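As stored in protein26.tsv (TSV, C-alpha atoms and all ligand atoms):
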```
chain	number	residue	atom	x	y	z
J	40	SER	CA	102.52	126.61	97.30
J	41	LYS	CA	104.10	125.67	100.65
J	42	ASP	CA	102.27	128.29	102.69
J	43	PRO	CA	99.57	127.12	105.15
J	44	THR	CA	96.00	128.09	104.12
J	45	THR	CA	92.31	127.81	105.17
J	46	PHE	CA	91.64	126.13	101.74
J	47	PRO	CA	94.32	123.47	101.35
J	48	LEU	CA	94.86	121.60	98.12
J	49	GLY	CA	94.29	117.84	98.08
J	50	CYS	CA	94.96	114.81	95.83
J	51	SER	CA	93.10	112.39	93.55
J	52	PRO	CA	94.85	108.94	93.56
J	53	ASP	CA	94.33	106.51	90.75
J	54	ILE	CA	92.78	103.03	90.93
J	55	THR	CA	95.51	101.54	93.09
J	56	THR	CA	93.80	100.94	96.49
J	57	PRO	CA	94.73	103.41	99.29
J	58	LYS	CA	96.22	101.59	102.26
J	59	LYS	CA	94.81	102.13	105.78
J	60	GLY	CA	96.74	104.37	108.08
J	61	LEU	CA	99.83	106.71	108.25
J	62	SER	CA	103.49	105.75	108.15
J	63	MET	CA	105.57	106.41	111.28
J	64	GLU	CA	109.35	106.81	111.90
J	65	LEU	CA	110.69	106.68	115.47
J	66	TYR	CA	113.95	108.32	116.51
J	67	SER	CA	116.08	108.56	119.68
J	68	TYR	CA	116.16	111.79	121.72
J	69	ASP	CA	118.96	111.50	124.32
J	70	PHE	CA	119.30	113.40	127.53
J	71	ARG	CA	122.22	115.80	128.02
J	72	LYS	CA	125.27	114.38	129.82
J	73	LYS	CA	124.87	113.42	133.57
J	74	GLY	CA	124.72	116.48	135.82
J	75	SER	CA	123.67	119.01	133.11
J	76	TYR	CA	121.29	121.76	134.16
J	77	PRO	CA	118.58	121.12	133.13
J	78	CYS	CA	119.00	117.40	132.18
J	79	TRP	CA	116.85	117.60	129.01
J	80	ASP	CA	118.26	118.63	125.63
J	81	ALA	CA	116.81	121.86	124.19
J	82	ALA	CA	117.61	120.66	120.60
J	83	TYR	CA	113.95	119.87	120.06
J	84	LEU	CA	113.33	123.62	119.86
J	85	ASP	CA	116.15	124.36	117.32
J	86	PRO	CA	114.35	126.04	114.35
J	87	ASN	CA	115.63	123.28	111.98
J	88	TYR	CA	114.98	120.34	114.33
J	89	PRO	CA	111.74	119.19	112.63
J	90	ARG	CA	113.27	119.47	109.13
J	91	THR	CA	116.84	118.18	109.35
J	92	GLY	CA	118.03	118.13	112.96
J	93	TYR	CA	116.12	115.06	113.97
J	94	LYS	CA	117.80	112.92	111.28
J	95	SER	CA	121.17	113.10	113.09
J	96	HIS	CA	119.77	110.96	116.02
J	97	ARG	CA	119.31	107.28	115.91
J	98	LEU	CA	116.62	105.71	113.80
J	99	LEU	CA	114.59	103.24	115.96
J	100	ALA	CA	111.81	102.09	113.60
J	101	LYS	CA	109.75	102.69	110.45
J	102	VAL	CA	106.16	101.32	110.68
J	103	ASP	CA	103.11	101.43	108.32
J	104	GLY	CA	99.44	101.33	109.07
J	105	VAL	CA	99.08	103.72	111.99
J	106	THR	CA	95.34	104.40	112.39
J	107	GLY	CA	92.50	104.39	114.91
J	108	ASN	CA	92.76	106.54	118.02
J	109	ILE	CA	96.44	107.82	118.08
J	110	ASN	CA	96.10	109.73	121.36
J	111	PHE	CA	98.21	108.72	124.30
J	112	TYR	CA	99.30	109.69	127.80
J	113	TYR	CA	102.51	108.12	129.18
J	114	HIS	CA	103.20	108.54	132.89
J	115	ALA	CA	106.87	108.47	133.90
J	116	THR	CA	108.00	108.01	137.52
J	117	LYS	CA	111.32	109.92	137.44
J	118	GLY	CA	112.80	113.07	135.92
J	119	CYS	CA	116.03	113.11	134.01
J	120	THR	CA	115.79	109.34	133.37
J	121	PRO	CA	115.10	107.26	130.21
J	122	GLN	CA	112.19	104.95	131.07
J	123	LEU	CA	110.51	102.32	128.97
J	124	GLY	CA	106.89	102.17	127.73
J	125	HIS	CA	104.74	101.20	124.78
J	126	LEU	CA	102.71	103.21	122.26
J	127	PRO	CA	99.02	102.33	121.99
J	128	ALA	CA	98.20	99.44	119.72
J	129	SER	CA	97.01	101.87	117.01
J	130	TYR	CA	100.72	102.62	116.26
J	131	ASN	CA	101.37	99.06	115.10
J	132	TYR	CA	104.62	98.95	117.03
J	133	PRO	CA	104.88	96.03	119.47
J	134	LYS	CA	108.31	96.82	121.04
J	135	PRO	CA	109.12	99.00	124.11
J	136	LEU	CA	110.88	102.32	123.58
J	137	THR	CA	112.06	105.18	125.85
J	138	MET	CA	108.64	106.87	126.09
J	139	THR	CA	110.20	109.58	128.33
J	140	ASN	CA	112.40	110.83	125.49
J	141	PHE	CA	111.91	110.22	121.78
J	142	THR	CA	110.93	111.84	118.45
J	143	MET	CA	108.16	110.59	116.11
J	144	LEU	CA	107.23	111.59	112.56
J	145	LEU	CA	103.93	110.45	110.98
J	146	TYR	CA	102.83	111.25	107.38
J	147	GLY	CA	100.15	110.24	104.91
J	148	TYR	CA	96.78	111.56	103.89
J	149	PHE	CA	93.54	112.68	105.52
J	150	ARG	CA	90.32	111.81	103.61
J	151	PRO	CA	87.20	113.66	104.88
J	152	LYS	CA	83.62	112.33	104.96
J	153	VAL	CA	81.98	115.81	105.02
J	154	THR	CA	82.51	118.71	102.64
J	155	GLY	CA	82.91	121.85	104.79
J	156	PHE	CA	84.95	123.39	107.57
J	157	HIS	CA	86.89	121.07	109.94
J	158	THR	CA	88.59	122.27	113.15
J	159	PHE	CA	91.38	119.98	114.35
J	160	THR	CA	92.40	120.46	117.98
J	161	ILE	CA	95.92	119.40	119.09
J	162	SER	CA	97.98	119.33	122.26
J	163	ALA	CA	101.20	117.49	123.21
J	164	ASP	CA	103.79	117.03	125.93
J	165	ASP	CA	106.31	118.12	124.69
J	166	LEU	CA	105.86	119.15	121.04
J	167	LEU	CA	103.52	118.51	118.09
J	168	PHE	CA	103.98	120.39	114.78
J	169	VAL	CA	101.30	119.87	112.04
J	170	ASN	CA	101.49	120.51	108.31
J	171	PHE	CA	98.32	119.99	106.25
J	172	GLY	CA	97.63	120.22	102.43
J	173	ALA	CA	99.47	119.59	99.21
J	174	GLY	CA	102.70	121.61	99.22
J	175	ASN	CA	102.39	122.65	102.86
J	176	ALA	CA	102.97	119.05	104.00
J	177	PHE	CA	104.19	117.41	100.76
J	178	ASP	CA	103.18	116.98	97.10
J	179	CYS	CA	100.47	114.60	95.76
J	180	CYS	CA	101.92	111.06	95.29
J	181	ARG	CA	105.36	112.82	95.22
J	182	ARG	CA	106.19	112.62	98.94
J	183	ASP	CA	109.79	111.39	98.46
J	184	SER	CA	110.69	114.44	96.35
J	185	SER	CA	109.04	116.99	98.61
J	186	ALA	CA	109.19	115.41	102.15
J	187	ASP	CA	111.87	117.86	103.43
J	188	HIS	CA	110.25	120.93	101.86
J	189	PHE	CA	107.18	121.37	104.03
J	190	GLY	CA	106.08	124.97	104.78
J	191	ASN	CA	105.12	127.08	107.79
J	192	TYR	CA	103.23	125.01	110.35
J	193	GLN	CA	99.44	125.00	110.12
J	194	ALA	CA	99.29	124.45	113.91
J	195	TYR	CA	101.67	123.68	116.76
J	196	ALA	CA	101.63	122.89	120.46
J	197	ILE	CA	104.55	123.11	122.98
J	198	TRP	CA	104.07	122.02	126.56
J	199	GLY	CA	104.77	124.72	129.16
J	200	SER	CA	104.49	127.56	126.52
J	201	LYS	CA	101.71	130.16	125.88
J	202	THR	CA	100.68	127.86	122.91
J	203	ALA	CA	100.33	124.50	124.80
J	204	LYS	CA	97.20	123.66	122.62
J	205	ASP	CA	96.23	124.83	119.16
J	206	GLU	CA	93.41	124.57	116.60
J	207	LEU	CA	93.49	124.50	112.80
J	208	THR	CA	90.35	125.30	110.82
J	209	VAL	CA	90.31	124.21	107.15
J	210	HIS	CA	87.60	123.84	104.50
J	211	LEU	CA	87.84	120.34	102.98
J	212	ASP	CA	86.03	118.30	100.30
J	213	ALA	CA	84.71	114.87	101.03
J	214	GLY	CA	86.62	111.97	99.38
J	215	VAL	CA	89.72	114.04	98.47
J	216	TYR	CA	93.07	112.97	100.00
J	217	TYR	CA	94.96	115.72	101.87
J	218	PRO	CA	98.72	115.36	102.72
J	219	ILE	CA	99.37	115.55	106.40
J	220	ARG	CA	102.61	115.63	108.51
J	221	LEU	CA	102.70	115.28	112.29
J	222	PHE	CA	105.98	115.75	114.13
J	223	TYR	CA	106.14	114.94	117.83
J	224	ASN	CA	108.80	115.03	120.56
J	225	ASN	CA	109.05	114.05	124.24
J	226	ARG	CA	112.08	115.72	125.97
J	227	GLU	CA	111.75	114.08	129.43
J	228	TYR	CA	109.23	112.64	131.93
J	229	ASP	CA	105.58	112.36	130.90
J	230	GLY	CA	104.53	112.37	127.26
J	231	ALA	CA	101.21	113.00	125.61
J	232	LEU	CA	99.66	113.52	122.17
J	233	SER	CA	96.06	114.54	121.42
J	234	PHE	CA	94.82	114.94	117.88
J	235	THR	CA	91.00	115.18	117.25
J	236	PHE	CA	88.59	117.16	115.10
J	237	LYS	CA	85.00	118.32	114.67
J	238	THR	CA	83.17	119.53	111.59
J	239	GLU	CA	80.99	122.63	111.44
J	240	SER	CA	78.08	120.25	110.69
J	241	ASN	CA	77.73	118.79	114.19
J	242	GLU	CA	78.97	118.51	117.74
J	243	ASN	CA	80.60	115.03	117.52
J	244	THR	CA	84.39	114.87	118.39
J	245	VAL	CA	86.26	112.48	116.14
J	246	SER	CA	89.24	110.76	117.67
J	247	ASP	CA	89.23	107.44	115.79
J	248	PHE	CA	90.80	107.93	112.42
J	249	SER	CA	90.08	104.45	111.04
J	250	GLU	CA	87.86	105.88	108.29
J	251	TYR	CA	90.16	108.90	107.61
J	252	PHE	CA	93.96	108.19	107.52
J	253	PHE	CA	95.43	106.56	104.38
J	254	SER	CA	98.69	106.05	102.61
J	255	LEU	CA	99.04	106.41	98.86
J	256	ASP	CA	101.96	105.24	96.73
J	257	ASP	CA	104.16	107.74	95.11
J	258	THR	CA	104.05	107.67	91.27
J	259	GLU	CA	106.22	109.17	88.52
J	260	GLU	CA	103.18	111.18	87.43
J	261	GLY	CA	101.94	112.54	90.74
J	262	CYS	CA	98.22	112.51	91.66
J	263	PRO	CA	97.20	116.21	91.93
J	264	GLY	CA	93.67	116.99	93.02
J	265	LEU	CA	91.33	117.16	90.07
J	266	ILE	CA	88.34	118.65	92.03
Z	301	CA	CA	98.60	103.33	90.28
Z	302	CA	CA	107.68	115.54	128.58
```
Turn the structure described in the file into structure tokens.
Ligand SMILES: [Ca+2]
Ligand SMILES: [Ca+2]
Amino acid sequence: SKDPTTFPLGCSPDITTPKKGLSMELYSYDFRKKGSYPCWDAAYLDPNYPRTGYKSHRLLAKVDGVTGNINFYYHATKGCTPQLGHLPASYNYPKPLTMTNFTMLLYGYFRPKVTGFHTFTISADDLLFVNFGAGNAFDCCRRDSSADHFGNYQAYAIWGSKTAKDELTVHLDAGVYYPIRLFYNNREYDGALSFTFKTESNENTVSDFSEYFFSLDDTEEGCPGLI
């Protein structure tokens, strides 16, 4: 089912070794033409922007192995102006980009260490939309066939809105691989992404996803959760 749920379905990959990290695609996000009021494009809030609209902009990069702490804060000096910066080393992308104005998609799997409830907390400047679970994000080792068919967001944050931070609480089983999709945009000026979680079992905040994000190969058979 594509609908978001407190009890998401996960995946059981075969022997082939999971690879560390998420995959990432970077895209352009231009300003409006000189003198427009305001200067930033509102396309990022088109209902279909996270599904199809982004693909009409320019592909910048496709990277594998994104893991570790994926949080960032980029400080711009000027409005209405493309300015260069770098993502943190965790993104495995060693080129500058226009950090003031870009779109980023990350996808893969989250593998828990604890069976029980997890609460992920997110915030972003400007936008972070999260899908989580088989079907809601994509299907088990069948990402290519289902990548565009994700469901209602499990959580979302939009800078400047009444929902500028959000939480998602899900019950998960240790060692199972859960499809995840993170879609981020910066429209102008500063950018920021925060993505962390806690489990109901203790007070520790987890922000380093070294032990938790993996990529699995698609297969003809699929790898549906057997638990
Ligand atoms: Ca295999
Ligand atoms: Ca911004």
Open item on the list: Let me make sure I understand: among J:165, J:85, J:64, J:42, which one has the smallest atom-to-atom distance to ligand CA 302 (chain Z) if we use all atoms listed in the file?
Closed with: J:165
- [ ] Counting all atoms listed in the file, write as a VMD selection string all protein and nucleic acid residues lying at most 8 Å from (96.4, 102.7, 115.0) in the file's frame.
- [x] chain J and resid 60 104 to 109 127 to 131 249
For the selection just defined, write its residues with C-alpha atoms to a file, as a short mmCIF file (atom, residue, chain, number, x, y, z; two decimals), keeping the file's coordinate frame.
```
data_model
loop_
_atom_site.label_atom_id
_atom_site.label_comp_id
_atom_site.auth_asym_id
_atom_site.auth_seq_id
_atom_site.Cartn_x
_atom_site.Cartn_y
_atom_site.Cartn_z
CA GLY J 60 96.74 104.37 108.08
CA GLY J 104 99.44 101.33 109.07
CA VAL J 105 99.08 103.72 111.99
CA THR J 106 95.34 104.40 112.39
CA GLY J 107 92.50 104.39 114.91
CA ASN J 108 92.76 106.54 118.02
CA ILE J 109 96.44 107.82 118.08
CA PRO J 127 99.02 102.33 121.99
CA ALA J 128 98.20 99.44 119.72
CA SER J 129 97.01 101.87 117.01
CA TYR J 130 100.72 102.62 116.26
CA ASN J 131 101.37 99.06 115.10
CA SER J 249 90.08 104.45 111.04
#
```
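Compared by their closest atoms to ligand CA 302 (chain Z), and using all atoms listed in the file, the residues J:246, J:238, J:258, J:139 rank with J:139 nearest.
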TODO: Go ahead and compute the interatomic distance for atom CA of residue 153 of chain J and atom CA of residue 213 of chain J, in Å to one decimal.
DONE: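 These atoms are spaced 4.9 Å apart.
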TODO: Could you please extract the residues within 10 Å of ligand CA 302 (chain Z), counting all atoms listed in the file, and hand them back as a PyMOL selection string?
DONE: chain J and resi 79+113-115+118+138-141+163-166+197-199+224-231
